[PDB]
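[1] experimental coordinates follow, after the sequence.
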Amino acid sequence: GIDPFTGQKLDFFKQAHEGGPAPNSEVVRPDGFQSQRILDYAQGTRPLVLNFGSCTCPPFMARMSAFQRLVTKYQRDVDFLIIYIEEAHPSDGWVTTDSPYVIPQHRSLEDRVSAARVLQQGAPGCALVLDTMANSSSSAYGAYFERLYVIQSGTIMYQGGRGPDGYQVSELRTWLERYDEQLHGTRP
C-alpha cells in the first residue's frame, strides 16, 4: 500500500519496546564495509548489550570508561556491541559546536569509519560496527543521539529510558547485576 500523502509505502512496523522483538536492522563492519545485522552479534542465548552513539555526543563519551568496565565485569555471560551512528554535534552544523571533537557530518561510510576510528583508539578490543548511511539501526532502535539496549534471543530485554543523563548506565548496570545474580548468586 502507498500513503497518498507521502507517496511512500505504508509503515506497519511498531516502534522497538521492551518485551518486543529486537529489530535485525542493518550495520556495517568497519574493516571492509561488509553488510551485517544486529542479530549477527548475538551468541546463542547470551544477552547482547547495544551502545549507540558518536564522539560528539557528550553523554555517550562520558560513560565510555564505565561501559568498558561493564564489559570486563559481565563478559562471562554477556556480549557487548557499540554502534557508531550519525554525529550528535557535527562541526559543520547550524549551531556552533564546543565539543572536544571536531567531526563534520558523515557524508559516506569512509567518513563514519574515520570518526569511529577516533573512538576505537579508546575502547581497545570492544566490538564496534557502523550504522548504515541510511541510519537503519538508529531508526529501528529509536537510538539517535545515544541509547543503550539489552537484547536476548531476538527479544528486547532492556530499553534505555529517555530522561536525565546518567541514569542509563546505572539502569543498565542494574539489569546486568540482576541477570548475573540469577546465574551465579549474589556477589558477597
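    Perfect, I can see it now. Numbers count the residues shown, from 1 in each chain.
[2] dump the residue contacts of residue 141.
    Contact analysis of residue 141 by C-beta atoms under 8 Å, 6 or more residues apart in numbering lists 16, 23, 25, 50, 52, 147, 149. All C-beta atoms are positioned from the backbone trio N, CA, C, and that covers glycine.
[3] I figured the second one hits residue 38, correct?
    Yes. Counting by C-beta atoms under 8 Å, residue 23 does reach residue 38; the two are 6.7 Å apart.
[4] residue 178 sits in which helix or strand?
    Taking DSSP states H and E as the criterion, residue 178 maps to helix 167-184.
[5] should've said residue 87
    Going by DSSP H and E, residue 87 is not in any helix or strand.
[6] for stretch 135-154, measure first residue to last.
    Taking C-alpha to C-alpha, to the nearest Å, stretch 135-154 runs 20 Å from one end to the other.
[7] for the protein, which residue is closest to the average position?
    Centroid-nearest residue in the chain, with C-alpha atoms, centre = their mean: residue 52, separated by 2.3 Å.
[8] all strands of this structure, in order?
    Per DSSP state E, the chain carries strands over the ranges 26-28, 35-37, 48-53, 79-84, 128-131, 147-152, 155-159.
[9] put together TSV for these, with distance to residue 105 on each row.
    Output for those, formatted as TSV (distance: least, C-beta to C-beta, whole Å):
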stretch	distance to residue 105
strand 26-28	17
strand 35-37	22
strand 48-53	15
strand 79-84	13
strand 128-131	13
strand 147-152	19
strand 155-159	27
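[10] now do the helices in the chain.
    With DSSP state H, the ranges of helices along the chain come out as 58-62, 64-74, 109-120, 136-140, 167-184.
[11] indicate which one of these is closest to residue 154.
    Evaluated over the helices of the chain, closeness to residue 154 peaks at helix 136-140, with 13.4 Å, by C-beta to C-beta.
[12] spatially nearest residue to residue 37 (excluding sequence neighbours)?
    Leaving out its chain neighbours, the residue that sits closest to residue 37 by C-beta to C-beta, 6 or more residues apart in numbering is residue 24, at 4.7 Å.
[13] so what's the residue count around the one you found?
    Neighbourhood size, residue 24 [other C-beta atoms under 10 Å]: 13.
[14] if we can go back for a sec, please enumerate the shared neighbours of residue 23 and residue 38.
    The contact lists of residue 23 and residue 38 share residue 137, where a contact means C-beta under 8 Å, 6+ apart.
[15] of those two, which one has the most company?
    Using other C-beta under 10 Å, the more surrounded residue of residue 23 and residue 38 is residue 38, with 24 against 21.
[16] got a list of what that one touches?
    Shown in contact with residue 38 (C-beta under 8 Å, 6+ apart): 22, 23, 24, 25, 27, 48, 50, 81, 137, 151.
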